[PDB]
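Chains W and X supply the protein sequences, listed in that same order.
Each residue of the first sequence is one higher than the one before, counting from 148 in the working numbering.
Each residue of the second sequence is one higher than the one before, counting from 215 in the working numbering.
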Amino acid sequence: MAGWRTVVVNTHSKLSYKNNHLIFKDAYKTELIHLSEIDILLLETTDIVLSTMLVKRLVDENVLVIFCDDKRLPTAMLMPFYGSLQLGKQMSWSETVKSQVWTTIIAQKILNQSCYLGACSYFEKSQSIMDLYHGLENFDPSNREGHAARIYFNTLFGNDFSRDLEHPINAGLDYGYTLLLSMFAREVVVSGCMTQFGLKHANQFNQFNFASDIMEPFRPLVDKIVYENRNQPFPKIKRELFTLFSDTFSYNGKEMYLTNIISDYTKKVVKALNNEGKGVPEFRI
Amino acid sequence: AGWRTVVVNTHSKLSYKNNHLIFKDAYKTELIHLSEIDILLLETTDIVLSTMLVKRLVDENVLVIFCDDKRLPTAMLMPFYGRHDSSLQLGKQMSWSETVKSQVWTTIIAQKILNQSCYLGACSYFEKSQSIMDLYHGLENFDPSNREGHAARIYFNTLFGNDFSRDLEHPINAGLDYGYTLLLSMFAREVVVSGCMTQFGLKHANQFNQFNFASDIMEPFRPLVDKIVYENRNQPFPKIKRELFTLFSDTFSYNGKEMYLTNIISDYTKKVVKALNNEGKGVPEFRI
Numbered sequence: 148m149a150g151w152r153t154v155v156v157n158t159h160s161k162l163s164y165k166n167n168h169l170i171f172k173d174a175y176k177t178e179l180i181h182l183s184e185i186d187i188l189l190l191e192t193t194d195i196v197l198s199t200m201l202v203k204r205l206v207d208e209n210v211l212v213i214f215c216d217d218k219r220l221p222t223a224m225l226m227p228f229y230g231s232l233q234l235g236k237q238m239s240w241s242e243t244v245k246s247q248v249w250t251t252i253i254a255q256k257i258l259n260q261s262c263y264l265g266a267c268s269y270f271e272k273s274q275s276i277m278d279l280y281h282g283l284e285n286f287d288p289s290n291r292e293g294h295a296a297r298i299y300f301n302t303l304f305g306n307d308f309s310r311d312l313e314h315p316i317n318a319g320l321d322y323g324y325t326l327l328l329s330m331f332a333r334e335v336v337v338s339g340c341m342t343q344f345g346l347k348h349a350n351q352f353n354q355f356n357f358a359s360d361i362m363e364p365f366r367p368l369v370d371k372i373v374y375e376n377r378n379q380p381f382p383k384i385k386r387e388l389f390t391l392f393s394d395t396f397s398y399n400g401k402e403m404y405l406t407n408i409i410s411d412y413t414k415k416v417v418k419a420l421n422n423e424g425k426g427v428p429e430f431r432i
Numbered sequence: 215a216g217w218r219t220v221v222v223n224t225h226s227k228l229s230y231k232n233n234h235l236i237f238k239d240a241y242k243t244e245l246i247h248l249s250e251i252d253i254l255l256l257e258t259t260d261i262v263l264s265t266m267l268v269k270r271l272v273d274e275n276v277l278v279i280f281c282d283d284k285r286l287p288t289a290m291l292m293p294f295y296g297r298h299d300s301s302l303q304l305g306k307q308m309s310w311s312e313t314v315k316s317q318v319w320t321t322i323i324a325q326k327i328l329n330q331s332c333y334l335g336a337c338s339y340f341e342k343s344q345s346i347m348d349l350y351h352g353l354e355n356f357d358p359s360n361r362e363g364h365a366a367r368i369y370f371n372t373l374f375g376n377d378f379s380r381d382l383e384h385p386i387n388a389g390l391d392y393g394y395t396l397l398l399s400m401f402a403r404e405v406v407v408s409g410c411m412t413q414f415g416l417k418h419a420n421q422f423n424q425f426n427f428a429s430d431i432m433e434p435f436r437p438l439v440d441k442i443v444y445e446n447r448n449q450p451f452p453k454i455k456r457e458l459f460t461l462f463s464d465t466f467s468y469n470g471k472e473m474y475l476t477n478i479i480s481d482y483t484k485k486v487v488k489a490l491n492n493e494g495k496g497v498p499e500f501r502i
């Protein structure tokens, strides 16, 4: 909604493509918008027709295209099959630098998990996580991050909450993470990096491997909303997750829209990896 | 059989009414019961469709694929979450023990490693094939010493050489990436059909992975893509894409018969889930 240029279509209309423009037609007007200016196209209602030529050009320009549920909330997106000299730069990232940056980013997440428990006054649990953060070693082979998560999620949602199907906590958390992931994946593509190669995981295929790394510190933005709505039905949880995209968050001194923060953070992680691990950005809640 | 696939490649309109996909071009009108479609391939750039149709396609778990100017997959519809009628299988998935998940995972990964050896053998790299074979025999639960990674390093280096060769000299990693995503889309669909969440896998948990479980299940099938890419390693990327795009209508050997890859994926996925539900027993097997 906010930050990134977002075109919202929610009325009875036809979308087409001509001469580098998105073309919108309804009974009242025609609108033309240069595709290079769109970051997100949100198709909110069920009375829109579009062409596959438009779809093809949208995907060529890395526009995030999102189709919605019966309540006008994000529910599917276009996902490309294969998303500057960044490629050669990336091939030059040493193991040491990669492992370092990965560790620093994951540490941010563990820190944010501790901080959020702190904001909820779970101080004992919070400390326990802070201790895991301070103990974190390169690549975290003893899986401190997992221990921290087990503490974090059990404290927020109760023990064995994954077995309680009457509260859709995991669907809620995953929905949020998918929204975050959609935007990080876009910024990774735009950076020029190879998207399937991240900083640590090599065995299992993940088409969003690198984005999945970079998004890590942001996940507690979602945790918090789902926690605040932990006794609500899924549609309500989805509606509240959507409010991320129009709130501001504090970052690098200022209050900024999430989309802009994602774009800045991603570029700076890439820049840091290109420059020996120096200047890894930070995101704090 | 082979997954009911609707191919659209003419100047047309796709709409939705009374549980039907509606197709109109200059030759015909068709009305197709939407729940009978498994894949919708939109192969040309002169198609219009409605967001009511997209919504219903997603609701019914139809794999939708959009193509570029050469009738090659360029994108798919990716739903944010799978829809299930019933949450019984979902409870089972949240209750599978670590012992049973680890065991099944290890069995599946073993099949991949075996397939990697067998393929090197078929390419006459007999020594390298045997090195992988030794790793296979050494494999232990959840592979902490990372024999899987050692095998992969041997395998990919043998077939394709170093990173320079895979990234700049030839479009190998792009090829493999394209193929693995195509293959993964089918597994993901079958995981959703089973009632499970794709995001929760058998081994990885820390980093968010949208298709985690489908990706575990695909592991033994990855050398099908490797093979097509190796066979086409000196071709341009479009030709590699074209050869890989055959996977939606390719047949292979499984349980002693020749079958469509779609039907195999659907059977193999359904049996892995049944196996996990039944203490790890009866994990299906795929061999090249």
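Ideal Cβ positions, reconstructed from N, Cα and C, are used throughout, including at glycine.
Item: Answer with yes or no whether the minimum CB distance from W:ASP321 to chain X is below 8 angstroms.; Value: yes
Item: Output needed for X:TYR392: all residues of its chain with C-beta closer than 7 angstroms, excluding positions within five of it in sequence on either side, in chain order.; Value: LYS455 and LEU458
Item: Please classify residue 129 of chain W: does DSSP put it in a helix, a strand, or coil?; Value: A query on residue 129 of chain W cannot be resolved here, the shown segment of chain W reaching from 148 to 432 and no further.
Item: Is the distance from the Cβ of X:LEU235 to the Cβ of X:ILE246 below 8 angstroms?; Value: yes
Item: At a CB-CB cut-off below 8 angstroms, which residues of chain W make contact with X:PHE280?; Value: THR199, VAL202, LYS203, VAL206 and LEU225
Item: Identify every residue that forms a DSSP beta bridge with W:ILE180.; Value: W:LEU169
Item: Which of the three DSSP states, helix, strand or coil, is assigned to X:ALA428?; Value: helix
Item: Can you tell me whether X:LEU382 is buried or exposed, with buried defined as 16 or more other CB within 10 angstroms of its CB?; Value: exposed
Item: In chain X, which residues lie less than 8 angstroms from residue 450 of chain W when you measure between Cβ atoms?; Value: With chain W represented from 148 up to 432, any question about residue 450 of chain W goes unanswered, as that position is not in the structure.
Item: Looking at X:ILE261 and X:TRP217, is the spacing between their C-beta atoms short of 8 angstroms?; Value: no
Item: Round the Cβ separation of X:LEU490 and X:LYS315 to the nearest angstrom and send it over; I've been treating them as touching at under 8 angstroms.; Value: 7 angstroms
Item: Spell out the partners DSSP gives X:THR219 in its beta bridges.; Value: X:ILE253
Item: Within the same chain, show all residues whose beta-carbon is closer than 6 angstroms to that of W:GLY265, passing over the 5 residues directly before and after it, in chain order.; Value: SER273
Item: Say whether the segment 403-414 of chain X touches the segment 296-313 of chain X, bearing in mind that this needs 3 or more beta-carbon pairs closer than 8 angstroms, one atom from each stretch.; Value: yes
Item: How about X:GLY363: is its C-beta nearer than 8 angstroms to some C-beta of chain W?; Value: yes
Item: If contacts are defined as beta-carbon pairs under 8 angstroms, then W:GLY424 and W:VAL202 qualify, I think. What distance do you get, rounded to the angstrom?; Value: Contact doesn't hold; Cβ gap of about 39 angstroms is too wide.
Item: Is X:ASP239 close to chain W, meaning its C-beta is less than 8 angstroms from at least one C-beta of that chain?; Value: no
Item: Which residues does DSSP list as the beta-bridge partners of W:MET226?; Value: X:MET290
Item: Between W:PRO315 and W:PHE381, which are expected to be in contact by the criterion C-beta below 8 angstroms, what is the C-beta distance as a whole number of angstroms?; Value: 5 angstroms
Item: Within 10 angstroms of its Cβ, does X:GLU257 collect 16 or more other Cβ (buried), or is it exposed?; Value: buried
Item: Quick one: grab the DSSP three-state call for W:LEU162.; Value: strand
Item: Rounded to a whole number of angstroms, what is the C-alpha to C-alpha distance between residue 458 of chain W and W:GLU429?; Value: Limits of chain W in this structure are 148 at one end and 432 at the other, which puts residue 458 of chain W out of reach.
Item: Between X:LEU373 and chain W, is there a C-beta pair that is closer than 8 angstroms?; Value: no
Item: Can a CB atom of chain W be found closer than 8 angstroms to the CB of X:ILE261?; Value: yes
Item: According to DSSP, what are the bridge partners of W:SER246?; Value: Answer by DSSP bridge pairing: none, since W:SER246 is not bridged.
Item: Applying the 10 Å Cβ sphere with the 16-neighbour rule, what's the burial state of W:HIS159?; Value: exposed
Item: Taking 8 angstroms as the CB-CB limit, is X:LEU490 close to chain W?; Value: no
Item: Comparing alpha-carbon positions, which option in W:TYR164, W:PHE228 and W:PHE352 lies nearest W:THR199?; Value: W:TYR164
Item: With distances taken between CB atoms, is the gap from W:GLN255 to W:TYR299 smaller than 8 angstroms?; Value: no
Item: From this set, X:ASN448, X:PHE427 and X:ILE279, which residue's C-alpha is nearest X:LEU263's C-alpha?; Value: X:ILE279
Item: Shortest alpha-carbon distance to X:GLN424 belongs to which of X:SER379, X:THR259 and X:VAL405?; Value: X:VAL405
Item: Report the rounded CA-to-CA distance for W:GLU178 versus W:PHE171, giving the unit in angstroms.; Value: 5 angstroms
Item: Quick one: is W:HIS348 buried, meaning 16 or more other Cβ sit within 10 Å of its Cβ, or exposed?; Value: buried
Item: Check whether chain W comes within 8 angstroms of X:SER301, counting only Cβ atoms and requiring the distance to be less than that.; Value: yes
Item: Return the Cβ separation of X:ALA289 and W:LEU225 in integer angstroms, given the expectation that the two are a contact with Cβ distance under 8 angstroms.; Value: 5 angstroms
Item: Using a beta-carbon distance below 8 angstroms, is X:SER249 in contact with chain W?; Value: no
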